[PDB]
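*Asks:* Sharing a structure, written as structure tokens. Questions coming.
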Amino acid sequence: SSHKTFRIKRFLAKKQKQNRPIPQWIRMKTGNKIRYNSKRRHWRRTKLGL
Amino acid sequence: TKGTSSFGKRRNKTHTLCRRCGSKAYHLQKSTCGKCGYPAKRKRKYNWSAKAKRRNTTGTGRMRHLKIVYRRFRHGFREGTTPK
Amino acid sequence: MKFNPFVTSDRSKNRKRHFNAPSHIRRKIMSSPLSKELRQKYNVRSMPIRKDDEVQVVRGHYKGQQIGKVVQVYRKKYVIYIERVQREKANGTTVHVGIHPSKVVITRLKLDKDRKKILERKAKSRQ
Amino acid sequence: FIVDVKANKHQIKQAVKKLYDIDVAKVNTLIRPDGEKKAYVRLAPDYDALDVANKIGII
Amino acid sequence: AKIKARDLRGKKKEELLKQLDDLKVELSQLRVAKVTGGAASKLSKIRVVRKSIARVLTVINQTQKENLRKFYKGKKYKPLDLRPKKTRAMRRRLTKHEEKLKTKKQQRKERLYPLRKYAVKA
Amino acid sequence: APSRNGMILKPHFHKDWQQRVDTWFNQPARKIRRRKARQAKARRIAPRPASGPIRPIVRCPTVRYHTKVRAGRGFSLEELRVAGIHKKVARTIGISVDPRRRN
RNA sequence: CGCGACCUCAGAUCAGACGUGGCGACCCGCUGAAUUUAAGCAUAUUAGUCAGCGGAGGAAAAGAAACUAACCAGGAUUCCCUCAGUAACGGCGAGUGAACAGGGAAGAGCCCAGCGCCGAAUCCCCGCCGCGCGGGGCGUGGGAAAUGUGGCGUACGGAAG
RNA sequence: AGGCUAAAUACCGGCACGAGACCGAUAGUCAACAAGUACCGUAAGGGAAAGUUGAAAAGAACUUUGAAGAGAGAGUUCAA
RNA sequence: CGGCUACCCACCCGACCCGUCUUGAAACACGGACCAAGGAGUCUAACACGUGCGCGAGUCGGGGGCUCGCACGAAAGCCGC
RNA sequence: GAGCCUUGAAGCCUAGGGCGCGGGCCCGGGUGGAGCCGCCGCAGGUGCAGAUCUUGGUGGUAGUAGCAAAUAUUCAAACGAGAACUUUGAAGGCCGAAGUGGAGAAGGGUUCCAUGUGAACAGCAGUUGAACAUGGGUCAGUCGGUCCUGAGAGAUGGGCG
RNA sequence: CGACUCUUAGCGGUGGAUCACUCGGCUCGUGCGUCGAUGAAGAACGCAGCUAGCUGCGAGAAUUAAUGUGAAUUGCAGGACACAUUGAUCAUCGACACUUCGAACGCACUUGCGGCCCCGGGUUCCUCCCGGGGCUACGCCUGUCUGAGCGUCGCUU
Ligand SMILES: [Mg+2]
Ligand SMILES: [Mg+2]
Ligand SMILES: [Mg+2]
Ligand SMILES: [Mg+2]
Ligand SMILES: [Mg+2]
Ligand SMILES: [Mg+2]
Ligand SMILES: [Mg+2]
Ligand SMILES: [Mg+2]
Ligand SMILES: [Mg+2]
Ligand SMILES: [Mg+2]
Ligand SMILES: [Mg+2]
Ligand SMILES: [Mg+2]
Ligand SMILES: [Mg+2]
Ligand SMILES: [Mg+2]
Ligand SMILES: [Mg+2]
Ligand SMILES: [Mg+2]
Ligand SMILES: [Mg+2]
Ligand SMILES: [Mg+2]
Ligand SMILES: [Mg+2]
Ligand SMILES: [Mg+2]
Ligand SMILES: [Mg+2]
Ligand SMILES: [Mg+2]
Ligand SMILES: [Mg+2]
Ligand SMILES: [Mg+2]
Ligand SMILES: [Mg+2]
Ligand SMILES: [Mg+2]
Ligand SMILES: [Mg+2]
Ligand SMILES: [Mg+2]
Ligand SMILES: [Mg+2]
Ligand SMILES: [Mg+2]
Ligand SMILES: [Mg+2]
Ligand SMILES: [Mg+2]
Ligand SMILES: [Mg+2]
Ligand SMILES: [Mg+2]
Ligand SMILES: [Mg+2]
Ligand SMILES: [Mg+2]
Ligand SMILES: [Mg+2]
Ligand SMILES: [Mg+2]
Ligand SMILES: [Mg+2]
Ligand SMILES: [Mg+2]
Ligand SMILES: [Mg+2]
Ligand SMILES: [Mg+2]
Ligand SMILES: [Mg+2]
Ligand SMILES: [Mg+2]
Ligand SMILES: [Mg+2]
Ligand SMILES: [Mg+2]
Ligand SMILES: [Mg+2]
Ligand SMILES: [Mg+2]
Ligand SMILES: [Mg+2]
Ligand SMILES: [Mg+2]
Ligand SMILES: [Mg+2]
Ligand SMILES: [Mg+2]
Ligand SMILES: [Mg+2]
Ligand SMILES: [Mg+2]
Ligand SMILES: [Mg+2]
Ligand SMILES: [Mg+2]
Ligand SMILES: [Zn+2]
């Protein structure tokens with residue numbers, strides 16, 4: 001919506017923060033087995049549901 | 001027209017984020033939650049579903065206060081001060 | 001044979017407690033034996049590894065009588081590094097090679113106020 | 001200025017006056033889409049923003 | 001050896017606030033400098049200045065609580081935060097005096113017929 | 001269901017019994033706990049004998065067992081009176097008293 | 001008309017204190033079906049279970065006979081082996097089904113209302129005084145509760161004088 | 001027709017521990033791994049797949065072809 | 001030089017596509033595109049028969065207790081009024 | 001079994017030799033890199049060709065059907081290795097004001113903007129994009145919420161349970 | 001002669017079966033018995049130099065103080081390197097601190113609207129003026145205060 005409330009905007013803020021790629025400085029960490037982020041949500045494919 | 005053409009009319013919402021559980025079970029029209037019943041002082045748990053308690057019982061969260069009680073019980077709930 | 005009903009013989013439990021050991025237990029796990037002329041001098045068998053002490057490899061590929069010195073103690077990898085025990089990369093740059101502290105024998109120790117206390121405690125306990 | 005979300009215009013004005021010893025004309029706050037709060041604080045005509053910026057980091 | 005909490009306990013609370021004010025000013029300066037792409041060597045002092053601020057605040061609160069406990073020592077109806085915080089179960093339990101307190105009938109019974117040490121063989 | 005020849009059976013397994021089955025896998029542990037408790041009690045009460053309170057001579061009520069004699073709970077008040085010791089002192093002496101039994 | 005005492009009562013953000021909710025494997029109180037079996041189905045079985053609600057503790061309930069037996073009697077309660085798939089219940093069909101002995105684990109017993117005597121010798125609160133570490137109880141004086149009944153002395157095994 | 005009480009008894013939840021004629025990654029708890037996670041339905045709710053380089057990255061310097069993906073030599077390792 | 005075979009080819013003869021319901025299946029009856037992994041008569045209580053063992057008009061300590069705390073001991077040994 | 005093994009265990013492959021009627025097994029060779037097996041007894045979650053069997057993978061179909069609702073594209077140049085799909089200019093057209101225009105409410109939540117690459121996404125391609133990576137972007141006394149009640153929902157008093 | 005098809009072997013590709021390994025489960029037993037109005041379980045948000053998730057934390061936010069141990073963490077520069085000052089990490093953890101919702105407690109929750117007391121700045125003061133601190137939910141127990149009764153009683157107008 002064009003106008004929303006503070007709670008919904010704060011909830012969307014964390015999704016915006018989380019929708020970020022994997023940093024390239026942890027790939028060389030000892031014991032690291034993460035190759036790519038499996039929680040990347042697309043605005044068109046997967047709807048977060050309010 | 002009961003299918004695809006009728007699905008396009010879905011515009012409103014009947015559930016938002018709850019206040020006690022944070023899930024999307026809170027009903028706007030009935031003003032009650034579908035997972036806990038926020039107006040009710042007691043949280044609604046049921047033995048019919050075993051998986052409901054698995055996602056809601058203690059230990060499945062942070063336990064910011066319950067983490068330290070198990071640690072302080074091993075010493076008998078001391079209140080003094082370490083020597084020196 | 002084990003007799004204490006409070007210590008386990010489970011292989012999985014031992015491996016877990018060894019691989020997830022805290023930093024103050026890793027320093028005790030990473031212990032190296034002392035030389036023969038120094039063992040009779042200090043009346044102690046083994047001693048943990050620190051950054052300043054010299055050491056000599058006894059087993060492995062980079063083994064011999066050349067005296068060396070440690071430069072890094074990698075507690076996370078249960079390994080130590082020596083300045084002369086090194087290897088060339090593809091581009092020719094040098095890089096240290098990791099050797100386990102159990103496969104190396106110490107010849108010199110840093111005489112520290114805490115090291116002397118540990119030595120005398122071990123000697124008095126061995127009696 | 002990127003300020004806390006709990007601060008209002010009066011608190012922003014008081015904090016600026018106490019930290020930089022400069023007068024404030026008005027404050028326009030907005031909640032960024034990332035969750036922070038950004039405030040445009042207008043200085044009095046006697047003060048210049050260039051010297052305040054040179055004194056506090058930004059040039 | 002930047003800021004140690006053991007030496008801060010000797011200074012009075014008037015000097016602690018003065019030592020914390022300039023520390024917060026330095027933290028703010030470091031935060032403003034962090035936004036600039038340069039000065040990468042100063043980007044590591046934020047952690048230590050924050051820890052020192054935390055240490056100063058800890059000493060301040062420790063001194064305040066010590067003074068408050070010394071003031072409220074030996075007085076009835078002490079504040080709730082000064083009252084013990086073991087658990088809710090032991091707070092509602094009876095005190096040791098009430099547990100050891102017994103009725104006059106039981107006292108007279110125990111005084112008249114005590115538990116005698118005995119043995120049965122010849 | 002029946003066969004050529006066999007004893008008619010009425011097993012009482014029609015109820016939901018599998019959800020209440022008591023397996024005695026803790027029997028050695030229970031016996032060890034009981035033995036340790038007995039040893040601890042005897043060590044704490046060492047001057048006094050185990051099963052301290054003396055028990056009287058008791059005949060079995062029913063006609064099936066009335067030919068043999070067995071132990072009991074406590075001595076009667078009449079027996080205490082003929083013995084000549086007070087009722088309340090026998091408990092701390094080590095004599096179990098049964099006020100309900102008659103003579 | 002007023003004043004005062006008692007008695008049923010109202011208000012406070014009065015001083016102090018207490019309950020809410022969560023977990024719920026074990027335990028306590030209530031009501032609570034049907035699928036199934038009966039080769040069909042109503043009584044019955046499933047089951048006084050599942051689901052539902054209300055509570056607490058490391059255990060809870062039980063627990064000192066308005067008991068069991070009918071002979072040479074036993075003696076709180078709890079749990080185990082036997083009694084026993086027995087007595088008995090049941091369209092006496094399907095099926096259901098204990099108890100007393102006895103042997104073991106453990107074994108701890110008591111209080112009060114009442115009847116009577118004691119000048120209410122009783123209890124809570126407030127404040128100064130004499131005490132100990134981490135803070136609460138002993139001796140002093142007034143404000144209440146209480147004679148429509150504090151407390152010692154008493155408990156069916158008798159007790160009191 | 002009033003009340004209190006530990007004992008032997010039970011414990012698939014909780015905090016720790018020990019053991020196994022059990023399972024060995026389509027098995028074993030749904031979950032050995034960022035698992036009640038991703039995802040699905042408005043909601044009650046449903047619910048996954050997914051372990052193995054090498055002793056040590058020592059993860060292929062450098063030359064050449066191609067814009068790059070990639071490949072030909074070369075190089076580390078006993079072994080690419 | 002000798003060699004059957006889990007290699008290929010040819011001729012002669014015989015040769016319908018497997019599994020189960022059925023009196024009758026290759027059927028114009030049903031299932032199967034192919035391959036790898038998983039997959040189905042188990043366990044408890046009771047009964048009847050037969051067999052092996054030990055004792056024997058007796059038999060059975062599975063229920064408890066005893067010796068010493070024990071990795072193997074949640075075993076084993078014993079009760080004898 | 002004083003069993004075999006980093007002078008090579010398990011596993012896998014094999015126009016090789018050979019045994020047993022058979023279930024199967026032995027040896028040779030090639031991969032493989034750390035365990036395995038014979039004999040005497042014991043206990044099984046113990047043998048697959050099917051169950052419109054469960055999971056995973058792969059074929060014929062087959063480079064086949066299909067990339068056909070709404071009139072239509074063309075010329076030149078530039079940036080580029082690469083041009084029909086990008087950009088600019090020109091020509092020819094459509095939507096023709098109830099639009100293929102300009103704004104909004106619900107809903108979406110960063111999709112908006114700038115820069116940069118071109119393996120994945122766009123059902124062909126791409127220098128292009130609502131894709132990817134980085135960095136920015138939403139400023140109110142007088143725009144709306146906040147105020148008021150409407151249908152309606154709802155606590156205390158009280159009642160029921 | 002070629003092409004296509006079929007059957008075998010070698011190599012190669014898709015495929016991820018068997019084998020070996022296991023910081024994981026399942027089962028059995030033992031020890032203890034611990035939540036909250038002094039704010040429980042759970043949820044939301046935020047916190048790291050570079051940080052998306054898990055984990056760990058609460059504006060003192062990838063940890064503070066103290067004790068034990070004794071020279072580090074690590075992907076990368078920096079940084080306390082100092083230890084005949086106080087000394088890194090780790091563990092323990094009894095001392096401080098612990099944002100919002102949540103039994104959730106000022107009313108409702110659209111983060112709005114208030115009401116009292118106190119402290120700093122505004123016309124040096126109340127009068128619907130800014131910031132900060134404390135209190136402001138229900139029922140109930142003991143006591144105090146306030147006050148209603150043509151409920152009963154005594155003296156009095
Ligand atoms: Mg490795
Ligand atoms: Mg959804
Ligand atoms: Mg294990
Ligand atoms: Mg038959
Ligand atoms: Mg039937
Ligand atoms: Mg029927
Ligand atoms: Mg049934
Ligand atoms: Mg019934
Ligand atoms: Mg139930
Ligand atoms: Mg409750
Ligand atoms: Mg409890
Ligand atoms: Mg009685
Ligand atoms: Mg029988
Ligand atoms: Mg009946
Ligand atoms: Mg029957
Ligand atoms: Mg019945
Ligand atoms: Mg009674
Ligand atoms: Mg009773
Ligand atoms: Mg008990
Ligand atoms: Mg098995
Ligand atoms: Mg799986
Ligand atoms: Mg090149
Ligand atoms: Mg078959
Ligand atoms: Mg048929
Ligand atoms: Mg037919
Ligand atoms: Mg057939
Ligand atoms: Mg057919
Ligand atoms: Mg047909
Ligand atoms: Mg078919
Ligand atoms: Mg198989
Ligand atoms: Mg090899
Ligand atoms: Mg290996
Ligand atoms: Mg099978
Ligand atoms: Mg098959
Ligand atoms: Mg099929
Ligand atoms: Mg797979
Ligand atoms: Mg296909
Ligand atoms: Mg075609
Ligand atoms: Mg079309
Ligand atoms: Mg060009
Ligand atoms: Mg054009
Ligand atoms: Mg035209
Ligand atoms: Mg119009
Ligand atoms: Mg339009
Ligand atoms: Mg681009
Ligand atoms: Mg495409
Ligand atoms: Mg865009
Ligand atoms: Mg994007
Ligand atoms: Mg204006
Ligand atoms: Mg308005
Ligand atoms: Mg109502
Ligand atoms: Mg009511
Ligand atoms: Mg192949
Ligand atoms: Mg510290
Ligand atoms: Mg409320
Ligand atoms: Mg305030
Ligand atoms: Zn909820």
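To be explicit about the labels: the chains of the structure tokens are called A, B, and onward in the order shown, and within each one the residues are counted from 1, while ligands get numbers from 1 in the order they are shown.
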Hey, what's within 8 Å of range 108-120 of chain J if we count only C-alpha atoms (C1' of nucleotides) and toss same-chain stuff fewer than 5 positions away? As JSON, numbers by chain, please?
*Replies:* {"A": [1, 12, 16, 43], "H": [69], "J": [130, 136, 137]}
*Asks:* Restricted to N, CA, C and O atoms (P, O5', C5', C4', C3', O3' and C1' of nucleotides), what would the selected residues look like written as a PDB file, in the first residue's frame?
*Replies:*
ATOM      1  N   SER A   1       0.827  -1.201   0.000  1.00  0.00           N
ATOM      2  CA  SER A   1       0.000   0.000   0.000  1.00  0.00           C
ATOM      3  C   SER A   1       0.863   1.254   0.000  1.00  0.00           C
ATOM      4  O   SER A   1       2.019   1.222   0.421  1.00  0.00           O
ATOM      5  N   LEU A  12       8.804  -4.907   7.424  1.00  0.00           N
ATOM      6  CA  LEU A  12       9.387  -4.931   6.087  1.00  0.00           C
ATOM      7  C   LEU A  12      10.860  -4.540   6.111  1.00  0.00           C
ATOM      8  O   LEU A  12      11.633  -4.966   5.241  1.00  0.00           O
ATOM      9  N   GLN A  16      13.988  -6.403   4.196  1.00  0.00           N
ATOM     10  CA  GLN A  16      14.946  -5.688   3.359  1.00  0.00           C
ATOM     11  C   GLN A  16      16.379  -5.924   3.822  1.00  0.00           C
ATOM     12  O   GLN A  16      17.280  -6.103   2.994  1.00  0.00           O
ATOM     13  N   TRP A  43      10.946 -10.462  -4.645  1.00  0.00           N
ATOM     14  CA  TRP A  43       9.717  -9.703  -4.433  1.00  0.00           C
ATOM     15  C   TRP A  43       8.581 -10.200  -5.317  1.00  0.00           C
ATOM     16  O   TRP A  43       7.408 -10.048  -4.956  1.00  0.00           O
TER      17      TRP A  43
ATOM     18  P     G H  69      37.056 -17.580 -18.905  1.00  0.00           P
ATOM     19  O5'   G H  69      35.859 -18.630 -18.918  1.00  0.00           O
ATOM     20  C5'   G H  69      34.756 -18.485 -18.036  1.00  0.00           C
ATOM     21  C4'   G H  69      33.540 -19.212 -18.550  1.00  0.00           C
ATOM     22  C3'   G H  69      33.730 -20.688 -18.859  1.00  0.00           C
ATOM     23  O3'   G H  69      33.656 -21.511 -17.708  1.00  0.00           O
ATOM     24  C1'   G H  69      32.622 -19.650 -20.664  1.00  0.00           C
TER      25        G H  69
ATOM     26  P     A J 130      14.832  -2.417 -14.888  1.00  0.00           P
ATOM     27  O5'   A J 130      13.757  -3.315 -14.131  1.00  0.00           O
ATOM     28  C5'   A J 130      13.625  -3.249 -12.716  1.00  0.00           C
ATOM     29  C4'   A J 130      12.741  -4.346 -12.174  1.00  0.00           C
ATOM     30  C3'   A J 130      13.024  -5.749 -12.713  1.00  0.00           C
ATOM     31  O3'   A J 130      12.817  -6.703 -11.672  1.00  0.00           O
ATOM     32  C1'   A J 130      10.779  -5.168 -13.155  1.00  0.00           C
ATOM     33  P     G J 136      24.981   4.779   0.479  1.00  0.00           P
ATOM     34  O5'   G J 136      24.400   5.982  -0.388  1.00  0.00           O
ATOM     35  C5'   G J 136      23.164   6.591  -0.051  1.00  0.00           C
ATOM     36  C4'   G J 136      22.516   7.227  -1.254  1.00  0.00           C
ATOM     37  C3'   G J 136      21.070   7.661  -1.068  1.00  0.00           C
ATOM     38  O3'   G J 136      20.959   8.930  -0.448  1.00  0.00           O
ATOM     39  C1'   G J 136      21.268   6.427  -3.072  1.00  0.00           C
ATOM     40  P     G J 137      19.894   9.164   0.731  1.00  0.00           P
ATOM     41  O5'   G J 137      18.491   9.189  -0.023  1.00  0.00           O
ATOM     42  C5'   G J 137      18.246  10.116  -1.070  1.00  0.00           C
ATOM     43  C4'   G J 137      17.055   9.707  -1.899  1.00  0.00           C
ATOM     44  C3'   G J 137      15.760   9.491  -1.134  1.00  0.00           C
ATOM     45  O3'   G J 137      15.078  10.700  -0.853  1.00  0.00           O
ATOM     46  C1'   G J 137      16.115   7.675  -2.595  1.00  0.00           C
TER      47        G J 137
END
*Asks:* Could you please extract the residues within 10 Å of ligand 18, counting only C-alpha atoms (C1' of nucleotides) and all ligand atoms, and hand them back as a list in words?
*Replies:*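 Sorted by chain and then by number, the residues are residues 63 and 64 of chain G; 2, 3 and 4 of chain H.
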*Asks:* Go ahead and save the residues from that selection, with C-alpha atoms (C1' of nucleotides), as a PDB file, in the first residue's frame.
*Replies:*
ATOM      1  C1'   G G  63      -3.119 -43.064  55.549  1.00  0.00           C
ATOM      2  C1'   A G  64      -4.357 -44.479  62.059  1.00  0.00           C
TER       3        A G  64
ATOM      4  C1'   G H   2     -13.111 -32.591  61.623  1.00  0.00           C
ATOM      5  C1'   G H   3      -7.649 -32.450  60.419  1.00  0.00           C
ATOM      6  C1'   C H   4      -1.815 -33.157  59.768  1.00  0.00           C
TER       7        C H   4
END
*Asks:* Please identify every residue of chain F that has at least one atom no more than 6 Å from any atom of chain I, counting only C-alpha atoms (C1' of nucleotides), and report them as a PyMOL selection string.
*Replies:* chain F and resi 6-7+28
*Asks:* Those same residues - C-alpha atoms - I'd like them written as a PDB file, in the first residue's frame.
*Replies:*
ATOM      1  CA  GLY F   6      -8.297 -77.130  21.908  1.00  0.00           C
ATOM      2  CA  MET F   7      -9.034 -75.381  25.164  1.00  0.00           C
ATOM      3  CA  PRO F  28      18.470 -54.478  39.433  1.00  0.00           C
TER       4      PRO F  28
END
*Asks:* Return as a list in words the residues belonging to chain B that are within 10 Å of chain H, counting only C-alpha atoms (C1' of nucleotides).
*Replies:*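 Those within range of chain H come out as residues 10, 12, 13, 14, 15, 16, 24, 25, 26, 27, 33, 34, 35, 49, 51, 52, 54, 55, 58, 59, 60, 69, 70, 71, 73 and 74 of chain B.
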*Asks:* Determine which residues of chain B sit within 10 Å of chain G, taking into account only C-alpha atoms (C1' of nucleotides), and present them as a ChimeraX atom specification.
*Replies:* /B:41-43,46-48,57-58,79-81
*Asks:* In Å to one decimal, how far is CA of residue 38 in chain D from CA of residue 1 in chain D?
*Replies:*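 One can read the CA of residue 1 in chain D to CA of residue 38 in chain D distance as 5.8 Å.
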*Asks:* Show me which residues line ligand 29, defined as having an atom within 12 Å of a ligand atom where only C-alpha atoms (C1' of nucleotides) and all ligand atoms count, and present them as a PyMOL selection string.
*Replies:* (chain I and resi 30-33) or (chain J and resi 52)
*Asks:* For residue 39 in chain I, please output as a ChimeraX atom specification all residues within 10 Å (counting only C-alpha atoms (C1' of nucleotides); exclusion window: fewer than 6 positions along the same chain).
*Replies:* /J:48,53-54
*Asks:* Which neighbours of range 8-10 of chain H fall inside 12 Å, counting only C-alpha atoms (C1' of nucleotides), when residues of the same chain fewer than 4 positions from it are skipped, and could you give them as a list in words?
*Replies:*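 Contacts, in chain order: residues 22, 30, 31, 33, 34, 37 and 38 of chain F; 25, 26, 27, 58, 59, 60, 61, 62, 77, 78, 79, 80, 104, 105, 106 and 107 of chain G.
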*Asks:* If you run DSSP over the backbone, which residues in chain A end up helix (DSSP H, G or I)? Put them as a ChimeraX atom specification.
*Replies:* /A:6-18
*Asks:* What is the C1' of residue 63 in chain H-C1' of residue 78 in chain H distance in Å, reported with one decimal?
*Replies:* 28.3 Å
*Asks:* Can you tell me which residues surround residue 60 in chain H at a distance of at most 8 Å, considering only C-alpha atoms (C1' of nucleotides), apart from same-chain residues fewer than 2 positions away, and format the answer as a PDB file with C-alpha atoms (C1' of nucleotides), in the first residue's frame?
*Replies:*
ATOM      1  CA  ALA C  90      52.353 -21.962  -7.150  1.00  0.00           C
TER       2      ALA C  90
ATOM      3  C1'   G H  75      52.970 -26.885 -12.061  1.00  0.00           C
ATOM      4  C1'   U H  76      51.585 -29.285  -6.395  1.00  0.00           C
TER       5        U H  76
END
*Asks:* For residue 18 in chain H, find every residue with an atom within 7 Å (counting only C-alpha atoms (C1' of nucleotides)), except residues of its own chain fewer than 6 positions away, and show them as a PyMOL selection string.
*Replies:* chain C and resi 5-6+8
*Asks:* Those same residues, written as a short mmCIF file (atom, residue, chain, number, x, y, z; two decimals), in the first residue's frame with N, CA and C atoms?
*Replies:*
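Saved result, again29.cif, follows:
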data_model
loop_
_atom_site.label_atom_id
_atom_site.label_comp_id
_atom_site.auth_asym_id
_atom_site.auth_seq_id
_atom_site.Cartn_x
_atom_site.Cartn_y
_atom_site.Cartn_z
N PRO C 5 32.74 -44.49 36.95
CA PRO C 5 31.47 -44.52 36.23
C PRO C 5 31.04 -43.15 35.72
N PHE C 6 31.90 -42.15 35.86
CA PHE C 6 31.58 -40.80 35.43
C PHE C 6 32.40 -40.34 34.23
N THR C 8 33.48 -41.49 30.22
CA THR C 8 32.93 -42.33 29.16
C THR C 8 34.04 -42.95 28.31
#
*Asks:* Grab me every residue within 7 Å of ligand 15, counting only C-alpha atoms (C1' of nucleotides) and all ligand atoms, and send it over as number ranges by chain.
*Replies:* F: 10; G: 94-95
*Asks:* Distance limit 8 Å, reference ligand 21, atoms considered: only C-alpha atoms (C1' of nucleotides) and all ligand atoms. Which residues make the cut? Give them as an NGL selection string.
*Replies:* :H and (26 or 48-50)
*Asks:* Neighbours of ligand 7 within 8 Å, counting only C-alpha atoms (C1' of nucleotides) and all ligand atoms, as a PyMOL selection string?
*Replies:* (chain F and resi 14-16) or (chain G and resi 36+46)
*Asks:* Write a file of the just-selected residues containing C-alpha atoms (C1' of nucleotides), as a PDB file, in the first residue's frame.
*Replies:*
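Output contents, as saved in again04.pdb:
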ATOM      1  CA  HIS F  14      -9.412 -56.489  24.120  1.00  0.00           C
ATOM      2  CA  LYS F  15      -8.499 -53.247  25.900  1.00  0.00           C
ATOM      3  CA  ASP F  16      -5.848 -50.793  24.704  1.00  0.00           C
TER       4      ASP F  16
ATOM      5  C1'   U G  36     -13.985 -52.141  16.822  1.00  0.00           C
ATOM      6  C1'   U G  46     -14.344 -50.607  23.109  1.00  0.00           C
TER       7        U G  46
END
